[PDB]
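Enquirer: My structure is stored as final-v8.pdb, with PDB, C-alpha atoms.
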```
ATOM      1  CA  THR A1991      45.010  57.093 -30.066
ATOM      2  CA  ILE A1992      47.193  59.601 -28.242
ATOM      3  CA  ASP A1993      45.387  58.539 -25.053
ATOM      4  CA  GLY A1994      45.711  54.800 -25.673
ATOM      5  CA  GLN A1995      42.143  54.205 -26.736
ATOM      6  CA  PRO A1996      41.880  52.056 -29.870
ATOM      7  CA  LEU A1997      40.726  53.458 -33.186
ATOM      8  CA  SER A1998      39.195  50.235 -34.513
ATOM      9  CA  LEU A1999      36.118  49.097 -32.604
ATOM     10  CA  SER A2000      35.767  45.679 -31.015
ATOM     11  CA  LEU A2001      34.136  42.511 -32.298
ATOM     12  CA  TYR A2002      30.751  41.634 -30.784
ATOM     13  CA  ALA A2003      30.281  37.874 -30.749
ATOM     14  CA  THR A2004      26.753  36.530 -31.042
ATOM     15  CA  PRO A2005      25.365  34.886 -27.872
ATOM     16  CA  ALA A2006      23.890  31.395 -28.047
ATOM     17  CA  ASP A2007      20.168  31.111 -28.670
ATOM     18  CA  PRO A2008      17.948  29.493 -26.010
ATOM     19  CA  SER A2009      17.278  25.914 -27.068
ATOM     20  CA  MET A2010      13.825  24.356 -27.234
ATOM     21  CA  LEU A2011      13.227  21.678 -24.625
ATOM     22  CA  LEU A2012      11.898  18.328 -25.828
ATOM     23  CA  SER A2013      10.002  15.589 -24.027
ATOM     24  CA  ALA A2014       8.649  12.217 -25.085
ATOM     25  CA  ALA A2015       6.229   9.541 -23.925
ATOM     26  CA  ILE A2016       7.790   6.123 -24.295
ATOM     27  CA  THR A2017       5.214   3.354 -24.289
ATOM     28  CA  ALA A2018       5.070  -0.220 -23.050
ATOM     29  CA  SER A2019       3.381  -3.362 -24.338
ATOM     30  CA  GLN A2020       2.423  -6.089 -21.877
ATOM     31  CA  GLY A2021       0.759  -9.352 -22.818
ATOM     32  CA  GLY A2022      -2.956  -9.904 -22.956
ATOM     33  CA  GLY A2023      -5.178 -12.036 -20.788
ATOM     34  CA  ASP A2024      -5.065 -15.708 -21.694
ATOM     35  CA  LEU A2025      -8.086 -17.924 -21.217
ATOM     36  CA  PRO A2026      -8.152 -20.289 -18.200
ATOM     37  CA  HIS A2027      -9.484 -23.845 -18.093
ATOM     38  CA  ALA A2028     -13.251 -24.228 -18.411
ATOM     39  CA  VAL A2029     -15.226 -26.267 -15.871
ATOM     40  CA  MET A2030     -18.701 -27.625 -16.510
ATOM     41  CA  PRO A2031     -21.253 -26.589 -13.853
ATOM     42  CA  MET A2032     -24.472 -28.273 -12.763
ATOM     43  CA  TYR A2033     -27.029 -25.639 -13.732
ATOM     44  CA  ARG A2034     -28.739 -25.043 -17.036
ATOM     45  CA  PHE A2035     -27.987 -22.310 -19.528
ATOM     46  CA  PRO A2036     -30.270 -19.461 -18.284
ATOM     47  CA  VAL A2037     -29.136 -19.996 -14.686
ATOM     48  CA  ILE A2038     -25.440 -19.954 -15.542
TER      49      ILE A2038
ATOM     50  CA  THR B 729      14.518 -10.348  -0.949
ATOM     51  CA  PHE B 730      10.890  -9.573  -1.689
ATOM     52  CA  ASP B 731      10.184 -12.985  -0.270
ATOM     53  CA  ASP B 732      11.117 -13.149   3.459
ATOM     54  CA  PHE B 733       9.883  -9.570   3.701
ATOM     55  CA  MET B 734       6.359 -10.942   3.388
ATOM     56  CA  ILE B 735       7.225 -13.516   6.036
ATOM     57  CA  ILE B 736       8.661 -10.897   8.385
ATOM     58  CA  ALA B 737       5.427  -9.077   7.662
ATOM     59  CA  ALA B 738       2.011 -10.611   8.457
ATOM     60  CA  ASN B 739       3.226 -11.872  11.857
ATOM     61  CA  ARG B 740       2.828  -8.953  14.327
ATOM     62  CA  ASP B 741       5.376 -10.843  16.502
ATOM     63  CA  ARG B 742       8.868 -10.118  15.239
ATOM     64  CA  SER B 743      12.331  -9.409  16.560
ATOM     65  CA  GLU B 744      13.839  -5.942  16.651
ATOM     66  CA  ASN B 745      16.220  -7.111  13.936
ATOM     67  CA  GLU B 746      13.205  -8.330  11.963
ATOM     68  CA  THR B 747      11.383  -5.008  12.122
ATOM     69  CA  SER B 748      14.666  -3.189  11.452
ATOM     70  CA  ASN B 749      15.178  -5.281   8.323
ATOM     71  CA  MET B 750      11.601  -4.660   7.182
ATOM     72  CA  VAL B 751      12.047  -0.924   7.794
ATOM     73  CA  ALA B 752      15.281  -0.932   5.787
ATOM     74  CA  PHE B 753      13.429  -2.773   3.020
ATOM     75  CA  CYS B 754      10.619  -0.205   2.973
ATOM     76  CA  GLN B 755      13.097   2.679   3.009
ATOM     77  CA  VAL B 756      15.021   1.226   0.069
ATOM     78  CA  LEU B 757      11.647   0.922  -1.686
ATOM     79  CA  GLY B 758      10.918   4.581  -0.967
ATOM     80  CA  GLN B 759      14.376   5.553  -2.225
ATOM     81  CA  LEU B 760      13.668   3.651  -5.435
ATOM     82  CA  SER B 761      10.312   5.401  -5.787
ATOM     83  CA  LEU B 762      12.055   8.762  -5.468
ATOM     84  CA  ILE B 763      14.865   7.717  -7.813
ATOM     85  CA  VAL B 764      12.283   6.789 -10.435
ATOM     86  CA  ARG B 765       9.774   9.626 -10.192
ATOM     87  CA  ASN B 766      12.478  12.284  -9.834
ATOM     88  CA  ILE B 767      14.370  11.411 -12.999
ATOM     89  CA  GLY B 768      11.262  10.461 -14.963
ATOM     90  CA  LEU B 769      10.995   6.884 -16.206
ATOM     91  CA  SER B 770       7.899   5.354 -17.794
ATOM     92  CA  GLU B 771       9.354   1.850 -17.218
ATOM     93  CA  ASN B 772      10.048   1.057 -20.864
ATOM     94  CA  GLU B 773      13.429   2.622 -20.254
ATOM     95  CA  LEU B 774      13.571   1.376 -16.663
ATOM     96  CA  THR B 775      12.620  -2.296 -17.023
ATOM     97  CA  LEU B 776      15.107  -2.591 -19.883
ATOM     98  CA  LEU B 777      17.938  -1.585 -17.558
TER      99      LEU B 777
END
```
For this file, write the structure as structure tokens.
Expert:
Amino acid sequence: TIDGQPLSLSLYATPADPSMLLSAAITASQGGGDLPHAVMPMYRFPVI
Amino acid sequence: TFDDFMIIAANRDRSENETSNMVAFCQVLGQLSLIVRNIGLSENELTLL
């Protein structure tokens, strides 16, 4: 203008949106229990 | 190592260097506990590395 102020208005850039935070549960896989060696005892079946 | 920390333990008669080494071992263990539970690691990422 006569005073130095601009006629055409300014551009308003869009701000960035807040992102959505993500989490996860990674999982493991260990081996199972393997059977030991069997020993024969001295007692009968109802006692053992 | 983890062995020879057990042998410095379970004695109750150790040198000052022995208890200093066991204290350094336990403090490195505590640092590792903090470095795991602070960053968040459910060990499937950790034990791979």
Enquirer: Please, which residues of chain A lie no more than 7 Å from chain B when the count uses only C-alpha atoms, and can they be set out as a list in words?
Expert: residues 2016, 2017 and 2018 of chain A
Enquirer: Return the single residue from B:776, B:729, B:735, B:767 that is closest to residue 752 of chain B, with distances computed using all atoms listed in the file.
Expert: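 Among the listed residues, B:729 lies closest to residue 752 of chain B.
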Enquirer: Would you compute, for all listed atoms of segment 2010-2019 of chain A, the axis-aligned bounding box grown by 5 Å on each side, and then report its centre and edge lengths in Å rounded to one decimal, as lines of an AutoDock Vina configuration file?
Expert:
```
center_x = 8.6
center_y = 10.5
center_z = -25.1
size_x = 20.4
size_y = 37.7
size_z = 14.2
```
Enquirer: How would you write as a list in words the residues that get within 12 Å of (12.5, -5.6, 10.3) in the file's frame, counting all atoms listed in the file?
Expert: residues 732, 733, 734, 735, 736, 737, 738, 739, 740, 741, 742, 743, 744, 745, 746, 747, 748, 749, 750, 751, 752, 753, 754 and 755 of chain B
Enquirer: Quick one: distance from atom CA of residue 730 of chain B to atom CA of residue 756 of chain B in Å, one decimal?
Expert: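 So the answer is 11.7 Å.
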Enquirer: Output segment 729-741 of chain B as a CSV table (one decimal), in the coordinates of the input, making sure N, CA, C and O atoms are there.
Expert:
```csv
chain,number,residue,atom,x,y,z
B,729,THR,N,15.1,-10.4,0.4
B,729,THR,CA,14.5,-10.3,-0.9
B,729,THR,C,13.1,-9.8,-0.8
B,729,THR,O,12.7,-9.4,0.3
B,730,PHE,N,12.3,-9.9,-1.9
B,730,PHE,CA,10.9,-9.6,-1.7
B,730,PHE,C,10.2,-10.7,-0.9
B,730,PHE,O,9.3,-10.4,0.0
B,731,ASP,N,10.5,-11.9,-1.2
B,731,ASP,CA,10.2,-13.0,-0.3
B,731,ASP,C,11.1,-12.8,0.9
B,731,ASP,O,12.2,-12.2,0.9
B,732,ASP,N,10.6,-13.3,2.1
B,732,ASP,CA,11.1,-13.1,3.5
B,732,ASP,C,11.0,-11.7,4.0
B,732,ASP,O,11.3,-11.5,5.1
B,733,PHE,N,10.5,-10.8,3.2
B,733,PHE,CA,9.9,-9.6,3.7
B,733,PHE,C,8.4,-9.8,4.0
B,733,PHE,O,7.9,-9.2,4.9
B,734,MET,N,7.7,-10.6,3.1
B,734,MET,CA,6.4,-10.9,3.4
B,734,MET,C,6.2,-11.8,4.6
B,734,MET,O,5.2,-11.8,5.3
B,735,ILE,N,7.3,-12.6,4.9
B,735,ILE,CA,7.2,-13.5,6.0
B,735,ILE,C,7.6,-12.8,7.3
B,735,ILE,O,7.1,-13.1,8.4
B,736,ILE,N,8.5,-11.8,7.2
B,736,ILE,CA,8.7,-10.9,8.4
B,736,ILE,C,7.4,-10.0,8.6
B,736,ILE,O,7.0,-9.8,9.8
B,737,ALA,N,6.8,-9.6,7.5
B,737,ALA,CA,5.4,-9.1,7.7
B,737,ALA,C,4.4,-10.2,8.0
B,737,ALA,O,4.8,-11.4,8.1
B,738,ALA,N,3.2,-9.8,8.2
B,738,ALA,CA,2.0,-10.6,8.5
B,738,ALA,C,2.2,-11.5,9.7
B,738,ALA,O,1.6,-12.6,9.7
B,739,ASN,N,3.0,-11.1,10.6
B,739,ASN,CA,3.2,-11.9,11.9
B,739,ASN,C,2.7,-11.1,13.1
B,739,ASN,O,2.1,-11.7,14.0
B,740,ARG,N,3.0,-9.8,13.2
B,740,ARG,CA,2.8,-9.0,14.3
B,740,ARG,C,3.6,-9.4,15.6
B,740,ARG,O,3.3,-8.9,16.7
B,741,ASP,N,4.5,-10.3,15.4
B,741,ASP,CA,5.4,-10.8,16.5
B,741,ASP,C,6.7,-11.1,15.8
B,741,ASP,O,7.0,-12.1,15.2
```
